[PDB]
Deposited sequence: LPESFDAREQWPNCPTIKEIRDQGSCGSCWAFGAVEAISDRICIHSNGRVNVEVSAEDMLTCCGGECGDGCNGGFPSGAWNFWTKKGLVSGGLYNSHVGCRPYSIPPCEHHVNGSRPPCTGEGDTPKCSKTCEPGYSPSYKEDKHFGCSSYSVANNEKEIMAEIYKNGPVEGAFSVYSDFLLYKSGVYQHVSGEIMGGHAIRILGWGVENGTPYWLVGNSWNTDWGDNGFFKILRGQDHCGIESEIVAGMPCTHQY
């Protein structure tokens, strides 16, 4: 395995890999980490480009994935992709795809032109229909995964998985000092626990002698490093290597 790897550079024909979304005022990170990596993998293993609907995952999976805007289970999300499939759907107000995200973007622990994010947000309804004007039908727009698995808490195995199959979904414990991240390799030193947070791991590298994971957050582009961040790799820091999940799309 190489010393560094950036899925964005390795798969130039898959622009979703470079995208950063906004989960809005809803605890749907579990769904976002999933549909983002799934979008990347559909492109990587089908060379078609599809903006997988965070809305479809968030609203229609149900108990198998947890509790919607109240938090969920990453592995459960990939299971939904293999069982019921996922339709397309872009950003809020984009009118792209079958079911675009219905929760407005907001400012995540930063100042900006958007309204500040609020912790309170309700899970939208599971509507098995597409926006007006879009074709095909909801049922016909479903993209299925043909496998859903969990990668071991093993740095090398995680790197190998990304290297061969593309970005994966992961999760780590968020402490308040992470909220103000701007650059460099994040290492937890202070702050109260904020809870678990699912994200998308798309690579790795070494900065100033510190090994790290290249991660895409779902708090828009004005948070962190253009929406991305780097976190210590190899020590299961904040549990970053303890909940890796992925899967492969059907042919």
{"query": "Deposited positions without coordinates, collected into consecutive stretches in sequence order", "finding": "48-49, 254-256"}
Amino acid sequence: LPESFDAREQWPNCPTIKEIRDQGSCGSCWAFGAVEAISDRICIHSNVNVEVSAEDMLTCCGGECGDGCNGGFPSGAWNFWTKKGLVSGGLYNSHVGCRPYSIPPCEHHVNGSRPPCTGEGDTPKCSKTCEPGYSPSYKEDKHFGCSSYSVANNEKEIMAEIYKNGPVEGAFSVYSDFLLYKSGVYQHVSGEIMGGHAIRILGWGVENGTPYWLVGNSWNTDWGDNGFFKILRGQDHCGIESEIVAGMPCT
From here on, numbers count along this sequence of modelled residues.
item: Residue range whose averaged C-alpha B-factor is higher in the record, 111-119 or 153-161; value: 111-119
item: Residue range whose averaged C-alpha B-factor is higher in the record, 175-183 or 72-80; value: 175-183
item: Candidate residues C43, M194, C29, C60, the one whose C-alpha B factor the record puts highest; value: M194
item: Criterion, highest CA B-factor; candidates, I38, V50, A54, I201; value: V50
item: Modelled-residue ranking by C-alpha temperature factor, third containing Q23; value: lowest
item: Record-listed C-alpha B factor of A34: chain third; value: lowest
item: Third of the chain, ranked by Cα B-factor, where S88 sits; value: lowest
item: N217 - which third its CA temperature factor falls in, relative to the rest of the chain; value: lowest
item: Within-chain third of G145 by Cα B-factor, per the entry; value: middle
